[PDB]
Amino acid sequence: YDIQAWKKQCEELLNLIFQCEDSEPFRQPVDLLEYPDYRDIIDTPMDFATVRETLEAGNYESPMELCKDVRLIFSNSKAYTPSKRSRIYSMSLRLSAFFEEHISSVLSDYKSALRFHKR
């Protein structure tokens, strides 16, 4: 019932994601010189370095906020791809399945801790 435990658990999960080859296209902001139409399609850019920096600055109040920003990385990939068979889109679908498998317990444990605090 530790209400603060989610933060280290999210740092550890981000470390795993940065070690995965599938994260390489998503580690820094999309290069607008390589993709000059990107901002015509995508309203709010997001990347894993921006997520890690926001966490380490103390600017997430909950793991649900972190999870909304990671899911925006994946929805931006789905919106920008020209094909459901593209290389980079393929990489985002595998990384999303890995992220969702690992974040589920983080969210469950945090919500349980809050309910115990309010009991």
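Just so we're on the same page, rigid core means the largest C-alpha set that superposes within 1.5 Å between forms. Residue positions are given as counts along the sequence shown, with the first one as 1.
**Message:** Between 83-91 and 50-58, which one shows the bigger average Cα displacement from this form in 7 other deposited structures of this protein once the rigid core is aligned?
**Reply:** Stretch with the higher C-alpha RMS distance in 7 other deposited structures of this protein: 83-91.
**Item:** Outlying stretch relative to shown form, 25-33 versus 40-48 in 7 other deposited structures of this protein, C-alpha RMS (core)
**Value:** So, of the two stretches, the farther one in 7 other deposited structures of this protein is 25-33.
**Prompt:** Comparing 70-78 with 36-44, where is the mean C-alpha B-factor higher?
**Reply:** Mean CA B-factor is higher for 36-44.
**Message:** Averaging CA B factors per stretch from the PDB record, which one is higher: 90-98 or 27-35?
**Reply:** Comparing averages over the C-alpha atoms only gives 27-35.
**Message:** Could you place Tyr1 in the lowest, middle or highest third of its chain by Cα temperature factor, using the values in the record?
**Reply:** Highest third - that is where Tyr1 ends up once the chain's C-alpha B-factors are sorted.
**Request:** Comparing against every modelled residue in the chain, figure out the third that the C-alpha B-factor of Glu12 lands in (lowest, middle or highest).
**Result:** Within its chain, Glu12 is a highest-third residue by C-alpha B-factor, going by the deposited values.
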